[PDB]
Amino acid sequence: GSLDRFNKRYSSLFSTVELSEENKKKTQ
Amino acid sequence: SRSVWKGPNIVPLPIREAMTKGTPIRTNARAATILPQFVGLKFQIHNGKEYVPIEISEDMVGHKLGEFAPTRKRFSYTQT
Amino acid sequence: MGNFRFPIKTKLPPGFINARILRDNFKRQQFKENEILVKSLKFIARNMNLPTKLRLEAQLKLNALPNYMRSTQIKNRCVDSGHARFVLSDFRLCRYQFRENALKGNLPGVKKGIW
Amino acid sequence: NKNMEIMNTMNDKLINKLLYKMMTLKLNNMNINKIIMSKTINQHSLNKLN
Amino acid sequence: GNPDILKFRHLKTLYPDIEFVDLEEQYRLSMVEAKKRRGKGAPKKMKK
Amino acid sequence: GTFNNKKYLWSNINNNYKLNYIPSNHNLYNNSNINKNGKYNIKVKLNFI
RNA sequence: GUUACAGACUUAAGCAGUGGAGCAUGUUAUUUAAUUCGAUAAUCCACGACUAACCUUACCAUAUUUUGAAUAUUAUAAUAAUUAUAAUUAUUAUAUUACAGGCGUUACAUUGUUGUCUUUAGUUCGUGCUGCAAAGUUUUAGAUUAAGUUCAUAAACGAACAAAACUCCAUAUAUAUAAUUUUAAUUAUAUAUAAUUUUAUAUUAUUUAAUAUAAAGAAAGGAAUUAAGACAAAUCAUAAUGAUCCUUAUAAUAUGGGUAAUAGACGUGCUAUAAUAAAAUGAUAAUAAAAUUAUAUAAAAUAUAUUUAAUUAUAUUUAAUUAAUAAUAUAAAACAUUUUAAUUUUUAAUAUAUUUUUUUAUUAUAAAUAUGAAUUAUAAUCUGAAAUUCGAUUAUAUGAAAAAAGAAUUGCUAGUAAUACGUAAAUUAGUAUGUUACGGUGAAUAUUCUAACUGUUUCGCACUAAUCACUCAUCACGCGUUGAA
Ligand SMILES: [Mg+2]
Ligand SMILES: [Mg+2]
Ligand SMILES: [Mg+2]
Ligand SMILES: [Mg+2]
Ligand SMILES: [Mg+2]
Ligand SMILES: [Mg+2]
Ligand SMILES: [Mg+2]
Ligand SMILES: [Mg+2]
Ligand SMILES: [Mg+2]
Ligand SMILES: [Mg+2]
Ligand SMILES: [Mg+2]
Ligand SMILES: [Mg+2]
Ligand SMILES: [Mg+2]
Ligand SMILES: [Mg+2]
Ligand SMILES: [Mg+2]
Ligand SMILES: [Mg+2]
Ligand SMILES: [Mg+2]
Ligand SMILES: [Mg+2]
Ligand SMILES: [Mg+2]
Ligand SMILES: [Mg+2]
Ligand SMILES: [Mg+2]
Ligand SMILES: [Mg+2]
Ligand SMILES: [Mg+2]
Ligand SMILES: [Mg+2]
Ligand SMILES: [Mg+2]
Ligand SMILES: [Mg+2]
Ligand SMILES: [Mg+2]
Ligand SMILES: [Mg+2]
Ligand SMILES: [Mg+2]
Ligand SMILES: [Mg+2]
Ligand SMILES: [Mg+2]
Ligand SMILES: [Mg+2]
Ligand SMILES: [Mg+2]
């Protein structure tokens with residue numbers, strides 16, 4: 001349950017909108 | 001950012017295009033935390049020399065990408 | 001590009017020039033230029049009170065900043081020579097070079113440590 | 001402020017080199033009289049350098 | 001340091017009357033000339 | 001000549017050391033010009049009673 | 001592998017260690033795309049490097065720069081400062097060659113510097129004199145000192161560099177200064193004076209020199225300085241320069257990786273293996289010194305870990321001070337109470353009593369711990385933009401080896417060693433088991449025998465790149481010459 005753990009201890013931030021923010025496809 | 005507050009270590013990637021169409025993401029980051037938003041995306045993480053193909057684990061969610069691309073070769077001794 | 005090593009046209013430091021020195025100096029200048037901005041970005045990132053999207057954007061921006069904006073990248077070189085080991089801050093000089101200068105009398109108040 | 005003192009002594013050292021450079025003259029590519037100079041000594045009073 | 005410091009170039013600007021000699025530069029030029037003479041000069045740089 | 005000073009040897013005046021390693025009366029220096037053959041230098045050392 | 005003295009941390013005592021264990025760090029080897037380069041007998045191995053995440057870095061993979069960091073030459077054009085809409089200059093731009101650049105190769109081309117012989121006592125100068133001369137004398141009959149330093153004697157007399165001395169630290173005294181809130185006057189700091197101590201009585205050996213005794217004194221150390229020569233000792237990776245090689249690459253920039261790889265081996269350290277020794281505690285806060293704080297030092301106090309609170313660690317937020325004024329920082333061992341398995345050398349149930357934080361009686365209490373802290377799991381925190389390779393804390397678990405260590409071997413004669421005594425800074429954004437420094441407490445021992453290695457000398461010497469010297473014969477390889485037959 002690594003994903004579950006991640007969700008638990010990054011819960012206040014609430015981590016889609018986040019994906020859109022952090023996904024510039026110029027550099028690859 | 002290790003500490004739970006201010007986490008995670010986020011990097012810019014070509015994520016959305018990979019999600020749309022299976023084009024592997026050639027990362028030279030090695031210090032980007034894996035996220036739930038990319039499990040089942042193909043990454044090609046740098047090893048110093050050669051980029052290493054990995055389909056990001058469902059369990060890898062907590063870890064860094066560089067943790068799955070082992071830089072040094074496995075040591076041996078020439079018994080002469 | 002061709003006409004300069006780094007993006008911005010910076011001056012050469014006076015006296016002893018070296019490739020490593022040149023590299024360091026430029027980096028220091030860029031840090032000086034973009035010090036306040038970096039600080040502001042850092043503040044925006046490390047904020048529990050602010051909107052999370054904004055803090056994420058700030059973090060991304062910080063990540064995308066170049067090699068020459070980084071304070072941590074700066075390394076104290078010797079000024080007389082271009083060495084970067086045992087560099088004393090009170091006279092920006094390398095160990096041997098400092099000693100050489102000290103014995104000559106270049107230093108303002110330095111002399112043999114006799115006790 | 002020791003930073004300022006360091007900057008001053010650097011300046012002084014740079015001026016010494018400049019002075020050394022100046023010291024050698026030429027006369028229409030006929031005679032090159034090389035005036036020898038000592039190492040400079042810089043006296044930093046509150047008012048003035050000498 | 002202070003990048004604007006007096007150089008040998010300027011010592012011609014400030015005092016044109018005095019025909020100064022930069023010794024290290026002159027030496028370098030003499031070395032270059034010697035290299036040219038004995039077939040050890042720098043190869044001509046590629047442009048492309 | 002000589003590099004010892006006899007004013008300090010039998011009197012109230014004492015010798016003192018410049019940068020705590022050069023007897024005051026001494027003054028040492030060198031200057032290294034480059035030759036055709038390579039680098040060389042010329043130490044000078046005077047005493048001044 | 002010599003004669004006889006003299007020498008000292010040389011040996012001998014003595015104290016503590018190394019060598020066994022685990023970890024740290026350097027080195028080797030091997031590995032690797034790269035594990036950058038150098039140091040590698042004494043005179044390398046926490047060395048260059050007073051901090052390898054990126055940088056630093058020099059190495060590697062992939063990208064991309066090509067007059068580039070300079071100086072000068074020759075041209076077009078643009079902007080700004082100054083003058084009374086023009087001009088003079090300064091710069092910038094685009095080019096243009098010579099080149100620039102090179103941690104590439106050679107410290108067996110060099111510089112400077114350093115190591116070892118070496119704080120060892122040697123090294124020379126005139127000049128004079130002896131010998132045909134190389135050379136010798138000086139530089140030693142005789143002694144002595146730490147000593148070519150000092151007496152004498154001497155064909156010698158001086159000298160310079162060394163030695164000593166002047167120097168610095170520390171000490172004692174005096175004077176000056178400090179409105180005794182920057183106070184520590186029990187101090188700090190300038191200037192002196194002071195000793196390489198003096199005097200006298202005796203007892204041994206020859207006027208003096210060692211021992212002893214006495215009276216006069218604060219009078220007792222450490223540091224720097226390490227000559228000539230040598231080792232073709234170390235450094236071209238502090239830096240510079242000769243020669244040589246590279247010039248779309250051996251020059252330049254970015255992203256990541258490496259320098260942290262691990263069979264065996266080798267040094268240095270650190271922590272240990274428990275009771276002449278470890279742990280809890282100790283607020284009218286037992287007692288220091290030295291040094292740092294405008295690229296900062298961070299006090300008090302609140303919050304969480306943690307029901308009290310203290311401790312320790314973070315966070316919150318900056319009071320004070322850029323400093324004899326505030327902070328880093330209530331020094332720590334010490335000393336005192338408590339506890340401590342191995343240990344039925346203790347505990348707890350009864351009685352017991354003029355050992356009561358205890359005694360006696362009778363019952364039950366049956367080779368790594370309540371030593372050590374390697375290794376690992378999870379959670380947090382710190383620095384930084386970034387902690388995966390690869391950093392530092394804290395918590396909850398985990399609890400290897402190790403039972404004072406073989407041949408051998410290291411340091412140290414006094415405020416020295418020792419110390420489970422702590423403190424500071426340099427290098428950092430961040431990390432010391434390292435380095436450089438400070439105080440605290442504070443000993444044990446002692447010279448006669450032998451190896452070595454420096455200076456002295458005797459004898460020897462076929463050695464002179466000086467014993468890693470020189471050097472003898474067979475056998476083996478080729479090319480001659482002359483015998484025997
Ligand atoms: Mg011994
Ligand atoms: Mg061993
Ligand atoms: Mg061991
Ligand atoms: Mg080299
Ligand atoms: Mg190496
Ligand atoms: Mg290179
Ligand atoms: Mg060149
Ligand atoms: Mg160089
Ligand atoms: Mg050599
Ligand atoms: Mg040398
Ligand atoms: Mg004769
Ligand atoms: Mg002699
Ligand atoms: Mg002689
Ligand atoms: Mg001396
Ligand atoms: Mg007072
Ligand atoms: Mg010598
Ligand atoms: Mg050699
Ligand atoms: Mg070498
Ligand atoms: Mg060179
Ligand atoms: Mg290259
Ligand atoms: Mg890089
Ligand atoms: Mg290393
Ligand atoms: Mg060492
Ligand atoms: Mg114990
Ligand atoms: Mg506090
Ligand atoms: Mg204070
Ligand atoms: Mg206390
Ligand atoms: Mg065991
Ligand atoms: Mg324990
Ligand atoms: Mg302990
Ligand atoms: Mg740094
Ligand atoms: Mg001590
Ligand atoms: Mg002798």
# chains A, B, ... in the order shown; residues from 1 in each chain; ligands from 1
$ residues_around --residues "residue 93 of chain C" --least-positions-apart "4" --cutoff "12 Å" --atoms "only C-alpha atoms (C1' of nucleotides)" --output "list in words"
residues 16, 76, 77, 78, 79, 80, 81, 82, 83, 84, 85, 86, 87, 88, 89, 97, 98, 99, 100, 101, 102, 106 and 107 of chain C; 6 and 10 of chain D; 238 and 239 of chain G
$ interface_residues --of "chain C" --to "chain B" --cutoff "12 Å" --atoms "only C-alpha atoms" --output "ChimeraX atom specification"
/C:42-49,52,55-65
$ write_last_selection --atoms "N, CA and C atoms" --output "PDB file, in the first residue's frame"
ATOM      1  N   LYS C  42      10.800  31.061  -3.303  1.00  0.00           N
ATOM      2  CA  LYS C  42      10.977  30.132  -2.182  1.00  0.00           C
ATOM      3  C   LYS C  42       9.905  30.333  -1.121  1.00  0.00           C
ATOM      4  N   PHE C  43       9.657  31.593  -0.778  1.00  0.00           N
ATOM      5  CA  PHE C  43       8.623  31.943   0.189  1.00  0.00           C
ATOM      6  C   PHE C  43       7.244  31.447  -0.242  1.00  0.00           C
ATOM      7  N   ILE C  44       6.913  31.695  -1.506  1.00  0.00           N
ATOM      8  CA  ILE C  44       5.629  31.287  -2.084  1.00  0.00           C
ATOM      9  C   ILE C  44       5.477  29.764  -2.038  1.00  0.00           C
ATOM     10  N   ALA C  45       6.563  29.053  -2.339  1.00  0.00           N
ATOM     11  CA  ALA C  45       6.594  27.588  -2.299  1.00  0.00           C
ATOM     12  C   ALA C  45       6.318  27.021  -0.907  1.00  0.00           C
ATOM     13  N   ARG C  46       7.020  27.546   0.097  1.00  0.00           N
ATOM     14  CA  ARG C  46       7.006  26.985   1.457  1.00  0.00           C
ATOM     15  C   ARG C  46       5.965  27.670   2.341  1.00  0.00           C
ATOM     16  N   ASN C  47       4.717  27.667   1.878  1.00  0.00           N
ATOM     17  CA  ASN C  47       3.640  28.397   2.535  1.00  0.00           C
ATOM     18  C   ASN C  47       2.437  27.483   2.748  1.00  0.00           C
ATOM     19  N   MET C  48       2.088  27.262   4.013  1.00  0.00           N
ATOM     20  CA  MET C  48       0.923  26.450   4.375  1.00  0.00           C
ATOM     21  C   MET C  48      -0.368  27.247   4.161  1.00  0.00           C
ATOM     22  N   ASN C  49      -0.287  28.566   4.347  1.00  0.00           N
ATOM     23  CA  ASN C  49      -1.452  29.455   4.273  1.00  0.00           C
ATOM     24  C   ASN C  49      -1.921  29.765   2.849  1.00  0.00           C
ATOM     25  N   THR C  52      -2.569  26.279  -2.826  1.00  0.00           N
ATOM     26  CA  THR C  52      -1.638  25.191  -3.142  1.00  0.00           C
ATOM     27  C   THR C  52      -1.155  25.231  -4.593  1.00  0.00           C
ATOM     28  N   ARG C  55       1.622  27.780  -4.953  1.00  0.00           N
ATOM     29  CA  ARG C  55       2.863  27.271  -4.343  1.00  0.00           C
ATOM     30  C   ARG C  55       3.543  26.237  -5.247  1.00  0.00           C
ATOM     31  N   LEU C  56       2.728  25.400  -5.891  1.00  0.00           N
ATOM     32  CA  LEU C  56       3.203  24.402  -6.855  1.00  0.00           C
ATOM     33  C   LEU C  56       3.876  25.085  -8.042  1.00  0.00           C
ATOM     34  N   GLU C  57       3.203  26.100  -8.582  1.00  0.00           N
ATOM     35  CA  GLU C  57       3.722  26.911  -9.691  1.00  0.00           C
ATOM     36  C   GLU C  57       5.066  27.554  -9.351  1.00  0.00           C
ATOM     37  N   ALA C  58       5.156  28.101  -8.140  1.00  0.00           N
ATOM     38  CA  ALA C  58       6.393  28.702  -7.628  1.00  0.00           C
ATOM     39  C   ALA C  58       7.523  27.681  -7.532  1.00  0.00           C
ATOM     40  N   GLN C  59       7.190  26.496  -7.024  1.00  0.00           N
ATOM     41  CA  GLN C  59       8.133  25.378  -6.917  1.00  0.00           C
ATOM     42  C   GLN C  59       8.663  24.945  -8.284  1.00  0.00           C
ATOM     43  N   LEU C  60       7.753  24.831  -9.251  1.00  0.00           N
ATOM     44  CA  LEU C  60       8.105  24.523 -10.645  1.00  0.00           C
ATOM     45  C   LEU C  60       9.053  25.557 -11.242  1.00  0.00           C
ATOM     46  N   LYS C  61       8.751  26.827 -10.983  1.00  0.00           N
ATOM     47  CA  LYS C  61       9.571  27.948 -11.442  1.00  0.00           C
ATOM     48  C   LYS C  61      10.987  27.873 -10.876  1.00  0.00           C
ATOM     49  N   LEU C  62      11.076  27.638  -9.567  1.00  0.00           N
ATOM     50  CA  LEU C  62      12.358  27.439  -8.868  1.00  0.00           C
ATOM     51  C   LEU C  62      13.177  26.302  -9.458  1.00  0.00           C
ATOM     52  N   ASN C  63      12.499  25.191  -9.728  1.00  0.00           N
ATOM     53  CA  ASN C  63      13.109  24.019 -10.356  1.00  0.00           C
ATOM     54  C   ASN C  63      13.685  24.354 -11.732  1.00  0.00           C
ATOM     55  N   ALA C  64      12.907  25.099 -12.513  1.00  0.00           N
ATOM     56  CA  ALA C  64      13.289  25.503 -13.870  1.00  0.00           C
ATOM     57  C   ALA C  64      14.347  26.612 -13.956  1.00  0.00           C
ATOM     58  N   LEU C  65      14.664  27.280 -12.841  1.00  0.00           N
ATOM     59  CA  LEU C  65      15.732  28.292 -12.831  1.00  0.00           C
ATOM     60  C   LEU C  65      17.083  27.669 -13.198  1.00  0.00           C
TER      61      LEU C  65
END
$ closest_atom_pairs --of "chain G" --to "ligand 5" --cutoff "10 Å" --atoms "only C-alpha atoms (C1' of nucleotides) and all ligand atoms" --output "tab-separated table"
residue	atom	partner	partner_atom_place_in_ligand_line	distance
G:26	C1'	ligand 5	1 (Mg)	9.9
G:27	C1'	ligand 5	1 (Mg)	8.1
G:28	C1'	ligand 5	1 (Mg)	9.8
G:35	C1'	ligand 5	1 (Mg)	10.0
G:36	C1'	ligand 5	1 (Mg)	8.8
G:37	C1'	ligand 5	1 (Mg)	7.5
G:38	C1'	ligand 5	1 (Mg)	7.5
G:39	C1'	ligand 5	1 (Mg)	8.8
G:40	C1'	ligand 5	1 (Mg)	10.0
G:259	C1'	ligand 5	1 (Mg)	9.7
$ residues_around --residues "residue 63 of chain B" --least-positions-apart "6" --cutoff "10 Å" --atoms "only C-alpha atoms (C1' of nucleotides)" --output "JSON, numbers by chain"
{"A": [2, 6], "B": [31, 32, 33, 34, 35, 57], "G": [388]}
$ interface_residues --of "chain B" --to "chain A" --cutoff "7 Å" --atoms "only C-alpha atoms" --output "PyMOL selection string"
chain B and resi 4+12-16+25-26+36+58-62
$ interface_residues --of "chain F" --to "chain D" --cutoff "12 Å" --atoms "only C-alpha atoms" --output "MDAnalysis selection string"
chainID F and resid 29:31
$ interface_residues --of "chain F" --to "chain G" --cutoff "8 Å" --atoms "only C-alpha atoms (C1' of nucleotides)" --output "ChimeraX atom specification"
/F:1-2,8-9,14-17,20-21,32,34,36-41
$ residues_near_ligand --ligand "ligand 32" --cutoff "9 Å" --atoms "only C-alpha atoms (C1' of nucleotides) and all ligand atoms" --output "number ranges by chain"
G: 421, 438-440
$ write_last_selection --atoms "N, CA and C atoms (P, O5', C5', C4', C3', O3' and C1' of nucleotides)" --output "PDB file, in the first residue's frame"
ATOM      1  P     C G 421      35.473  10.740  31.876  1.00  0.00           P
ATOM      2  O5'   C G 421      36.176  11.654  30.778  1.00  0.00           O
ATOM      3  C5'   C G 421      37.301  12.481  31.097  1.00  0.00           C
ATOM      4  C4'   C G 421      36.844  13.906  31.264  1.00  0.00           C
ATOM      5  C3'   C G 421      36.219  14.551  30.036  1.00  0.00           C
ATOM      6  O3'   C G 421      34.820  14.272  29.958  1.00  0.00           O
ATOM      7  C1'   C G 421      37.863  15.989  30.950  1.00  0.00           C
ATOM      8  P     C G 438      47.103  26.907  21.904  1.00  0.00           P
ATOM      9  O5'   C G 438      45.700  27.265  22.560  1.00  0.00           O
ATOM     10  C5'   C G 438      45.632  27.573  23.951  1.00  0.00           C
ATOM     11  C4'   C G 438      44.202  27.646  24.422  1.00  0.00           C
ATOM     12  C3'   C G 438      43.975  27.139  25.833  1.00  0.00           C
ATOM     13  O3'   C G 438      44.315  28.156  26.772  1.00  0.00           O
ATOM     14  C1'   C G 438      42.314  26.249  24.394  1.00  0.00           C
ATOM     15  P     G G 439      45.694  28.097  27.597  1.00  0.00           P
ATOM     16  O5'   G G 439      45.652  26.657  28.277  1.00  0.00           O
ATOM     17  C5'   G G 439      45.460  26.497  29.696  1.00  0.00           C
ATOM     18  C4'   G G 439      44.002  26.657  30.062  1.00  0.00           C
ATOM     19  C3'   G G 439      43.507  25.731  31.163  1.00  0.00           C
ATOM     20  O3'   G G 439      43.684  26.322  32.447  1.00  0.00           O
ATOM     21  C1'   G G 439      42.137  25.466  29.267  1.00  0.00           C
ATOM     22  P     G G 440      44.318  25.471  33.648  1.00  0.00           P
ATOM     23  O5'   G G 440      43.262  24.295  33.847  1.00  0.00           O
ATOM     24  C5'   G G 440      41.938  24.598  34.316  1.00  0.00           C
ATOM     25  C4'   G G 440      41.148  23.342  34.593  1.00  0.00           C
ATOM     26  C3'   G G 440      41.799  22.267  35.450  1.00  0.00           C
ATOM     27  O3'   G G 440      41.788  22.584  36.836  1.00  0.00           O
ATOM     28  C1'   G G 440      40.676  21.266  33.630  1.00  0.00           C
TER      29        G G 440
END
$ residues_near_ligand --ligand "ligand 13" --cutoff "8 Å" --atoms "only C-alpha atoms (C1' of nucleotides) and all ligand atoms" --output "ChimeraX atom specification"
/G:136-139
$ residues_near_ligand --ligand "ligand 3" --cutoff "9 Å" --atoms "only C-alpha atoms (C1' of nucleotides) and all ligand atoms" --output "PyMOL selection string"
chain G and resi 18-22
$ closest_residue --among "G:157, G:85, G:265, G:34" --to "ligand 2" --atoms "only C-alpha atoms (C1' of nucleotides) and all ligand atoms"
G:265
$ atom_distance --atom1 "atom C1' of residue 384 of chain G" --atom2 "atom CA of residue 74 of chain C"
12.9 Å
$ residues_near_ligand --ligand "ligand 7" --cutoff "9 Å" --atoms "only C-alpha atoms (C1' of nucleotides) and all ligand atoms" --output "PyMOL selection string"
(chain E and resi 42) or (chain G and resi 100-102)
$ write_last_selection --atoms "N, CA and C atoms (P, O5', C5', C4', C3', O3' and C1' of nucleotides)" --output "PDB file, in the first residue's frame"
ATOM      1  N   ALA E  42      50.779  28.363 -34.602  1.00  0.00           N
ATOM      2  CA  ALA E  42      49.441  27.790 -34.453  1.00  0.00           C
ATOM      3  C   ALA E  42      48.851  27.452 -35.828  1.00  0.00           C
TER       4      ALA E  42
ATOM      5  P     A G 100      48.841  33.147 -28.163  1.00  0.00           P
ATOM      6  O5'   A G 100      47.346  33.276 -27.625  1.00  0.00           O
ATOM      7  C5'   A G 100      46.884  34.483 -26.992  1.00  0.00           C
ATOM      8  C4'   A G 100      45.421  34.375 -26.625  1.00  0.00           C
ATOM      9  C3'   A G 100      45.075  33.384 -25.521  1.00  0.00           C
ATOM     10  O3'   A G 100      45.344  33.881 -24.214  1.00  0.00           O
ATOM     11  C1'   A G 100      43.557  33.117 -27.309  1.00  0.00           C
ATOM     12  P     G G 101      46.036  32.929 -23.126  1.00  0.00           P
ATOM     13  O5'   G G 101      45.120  31.624 -23.156  1.00  0.00           O
ATOM     14  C5'   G G 101      43.792  31.639 -22.604  1.00  0.00           C
ATOM     15  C4'   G G 101      43.091  30.320 -22.845  1.00  0.00           C
ATOM     16  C3'   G G 101      43.786  29.082 -22.304  1.00  0.00           C
ATOM     17  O3'   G G 101      43.579  28.917 -20.904  1.00  0.00           O
ATOM     18  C1'   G G 101      43.101  28.672 -24.519  1.00  0.00           C
ATOM     19  P     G G 102      44.748  28.321 -19.982  1.00  0.00           P
ATOM     20  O5'   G G 102      44.843  26.806 -20.459  1.00  0.00           O
ATOM     21  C5'   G G 102      43.778  25.887 -20.157  1.00  0.00           C
ATOM     22  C4'   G G 102      44.014  24.545 -20.810  1.00  0.00           C
ATOM     23  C3'   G G 102      45.267  23.789 -20.398  1.00  0.00           C
ATOM     24  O3'   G G 102      45.156  23.132 -19.135  1.00  0.00           O
ATOM     25  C1'   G G 102      45.010  23.676 -22.746  1.00  0.00           C
TER      26        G G 102
END
$ atom_distance --atom1 "atom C1' of residue 393 of chain G" --atom2 "atom CA of residue 70 of chain B"
27.6 Å
$ residues_near_ligand --ligand "ligand 23" --cutoff "9 Å" --atoms "only C-alpha atoms (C1' of nucleotides) and all ligand atoms" --output "PyMOL selection string"
chain G and resi 26+45-47+268
$ residues_near_ligand --ligand "ligand 6" --cutoff "9 Å" --atoms "only C-alpha atoms (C1' of nucleotides) and all ligand atoms" --output "VMD selection string"
chain G and resid 58 102 to 104 250 to 251
$ write_last_selection --atoms "N, CA and C atoms (P, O5', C5', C4', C3', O3' and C1' of nucleotides)" --output "PDB file, in the first residue's frame"
ATOM      1  P     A G  58      36.300  21.244 -14.628  1.00  0.00           P
ATOM      2  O5'   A G  58      36.810  19.732 -14.632  1.00  0.00           O
ATOM      3  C5'   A G  58      37.508  19.164 -15.765  1.00  0.00           C
ATOM      4  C4'   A G  58      38.890  18.671 -15.379  1.00  0.00           C
ATOM      5  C3'   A G  58      39.142  17.175 -15.551  1.00  0.00           C
ATOM      6  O3'   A G  58      39.619  16.924 -16.871  1.00  0.00           O
ATOM      7  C1'   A G  58      40.092  18.004 -13.500  1.00  0.00           C
ATOM      8  P     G G 102      44.748  28.321 -19.982  1.00  0.00           P
ATOM      9  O5'   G G 102      44.843  26.806 -20.459  1.00  0.00           O
ATOM     10  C5'   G G 102      43.778  25.887 -20.157  1.00  0.00           C
ATOM     11  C4'   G G 102      44.014  24.545 -20.810  1.00  0.00           C
ATOM     12  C3'   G G 102      45.267  23.789 -20.398  1.00  0.00           C
ATOM     13  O3'   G G 102      45.156  23.132 -19.135  1.00  0.00           O
ATOM     14  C1'   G G 102      45.010  23.676 -22.746  1.00  0.00           C
ATOM     15  P     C G 103      45.821  23.775 -17.815  1.00  0.00           P
ATOM     16  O5'   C G 103      46.405  22.524 -17.013  1.00  0.00           O
ATOM     17  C5'   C G 103      46.445  21.175 -17.535  1.00  0.00           C
ATOM     18  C4'   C G 103      45.474  20.295 -16.782  1.00  0.00           C
ATOM     19  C3'   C G 103      44.004  20.674 -16.914  1.00  0.00           C
ATOM     20  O3'   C G 103      43.408  20.281 -18.165  1.00  0.00           O
ATOM     21  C1'   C G 103      44.544  20.167 -14.643  1.00  0.00           C
ATOM     22  P     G G 104      43.564  18.783 -18.786  1.00  0.00           P
ATOM     23  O5'   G G 104      45.015  18.789 -19.452  1.00  0.00           O
ATOM     24  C5'   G G 104      46.040  17.842 -19.062  1.00  0.00           C
ATOM     25  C4'   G G 104      46.662  17.184 -20.268  1.00  0.00           C
ATOM     26  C3'   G G 104      47.992  16.489 -20.007  1.00  0.00           C
ATOM     27  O3'   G G 104      47.879  15.124 -19.608  1.00  0.00           O
ATOM     28  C1'   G G 104      47.942  17.655 -22.121  1.00  0.00           C
ATOM     29  P     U G 250      39.887  16.182 -28.436  1.00  0.00           P
ATOM     30  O5'   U G 250      40.073  16.918 -27.034  1.00  0.00           O
ATOM     31  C5'   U G 250      40.635  16.264 -25.875  1.00  0.00           C
ATOM     32  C4'   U G 250      41.560  17.196 -25.117  1.00  0.00           C
ATOM     33  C3'   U G 250      41.630  18.647 -25.593  1.00  0.00           C
ATOM     34  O3'   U G 250      41.902  19.537 -24.512  1.00  0.00           O
ATOM     35  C1'   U G 250      43.758  17.667 -25.796  1.00  0.00           C
ATOM     36  P     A G 251      40.729  20.031 -23.533  1.00  0.00           P
ATOM     37  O5'   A G 251      40.564  21.569 -23.910  1.00  0.00           O
ATOM     38  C5'   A G 251      41.623  22.517 -23.668  1.00  0.00           C
ATOM     39  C4'   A G 251      41.222  23.896 -24.140  1.00  0.00           C
ATOM     40  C3'   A G 251      39.856  24.390 -23.670  1.00  0.00           C
ATOM     41  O3'   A G 251      39.921  25.023 -22.395  1.00  0.00           O
ATOM     42  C1'   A G 251      39.986  24.602 -26.012  1.00  0.00           C
TER      43        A G 251
END
$ select_by_dssp --residues "chain C" --states "helix (DSSP H, G or I)" --output "ChimeraX atom specification"
/C:19-33,36-45,52-64,67-69,95-104
$ write_last_selection --atoms "C-alpha atoms" --output "CSV table (one decimal), in the first residue's frame"
chain,number,residue,atom,x,y,z
C,19,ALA,CA,38.3,29.6,-16.9
C,20,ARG,CA,37.0,28.3,-13.5
C,21,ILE,CA,37.2,31.8,-12.0
C,22,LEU,CA,35.3,33.2,-15.0
C,23,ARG,CA,32.6,30.5,-14.5
C,24,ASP,CA,32.3,31.2,-10.8
C,25,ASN,CA,32.3,35.0,-11.2
C,26,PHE,CA,29.4,35.0,-13.8
C,27,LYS,CA,27.4,32.6,-11.5
C,28,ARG,CA,27.9,35.0,-8.6
C,29,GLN,CA,26.8,38.0,-10.7
C,30,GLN,CA,23.6,36.1,-11.8
C,31,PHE,CA,22.9,35.2,-8.1
C,32,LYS,CA,23.3,38.9,-7.2
C,33,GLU,CA,20.9,39.9,-10.0
C,36,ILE,CA,15.2,38.8,-4.3
C,37,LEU,CA,13.2,36.9,-7.0
C,38,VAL,CA,14.5,33.5,-5.9
C,39,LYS,CA,13.8,34.4,-2.2
C,40,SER,CA,10.2,35.4,-3.2
C,41,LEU,CA,9.7,32.2,-5.1
C,42,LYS,CA,11.0,30.1,-2.2
C,43,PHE,CA,8.6,31.9,0.2
C,44,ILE,CA,5.6,31.3,-2.1
C,45,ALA,CA,6.6,27.6,-2.3
C,52,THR,CA,-1.6,25.2,-3.1
C,53,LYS,CA,-1.7,25.7,-6.9
C,54,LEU,CA,0.3,28.9,-6.6
C,55,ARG,CA,2.9,27.3,-4.3
C,56,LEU,CA,3.2,24.4,-6.9
C,57,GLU,CA,3.7,26.9,-9.7
C,58,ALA,CA,6.4,28.7,-7.6
C,59,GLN,CA,8.1,25.4,-6.9
C,60,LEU,CA,8.1,24.5,-10.6
C,61,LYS,CA,9.6,27.9,-11.4
C,62,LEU,CA,12.4,27.4,-8.9
C,63,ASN,CA,13.1,24.0,-10.4
C,64,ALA,CA,13.3,25.5,-13.9
C,67,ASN,CA,22.6,26.7,-13.0
C,68,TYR,CA,23.7,30.3,-12.5
C,69,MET,CA,20.8,31.4,-10.3
C,95,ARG,CA,46.6,28.1,1.5
C,96,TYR,CA,50.0,28.3,-0.2
C,97,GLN,CA,49.2,31.6,-2.0
C,98,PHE,CA,48.1,33.1,1.4
C,99,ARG,CA,51.4,32.0,3.0
C,100,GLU,CA,53.4,33.4,0.1
C,101,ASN,CA,51.6,36.8,0.4
C,102,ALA,CA,51.8,36.8,4.2
C,103,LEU,CA,55.6,36.3,4.3
C,104,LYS,CA,56.1,39.0,1.7
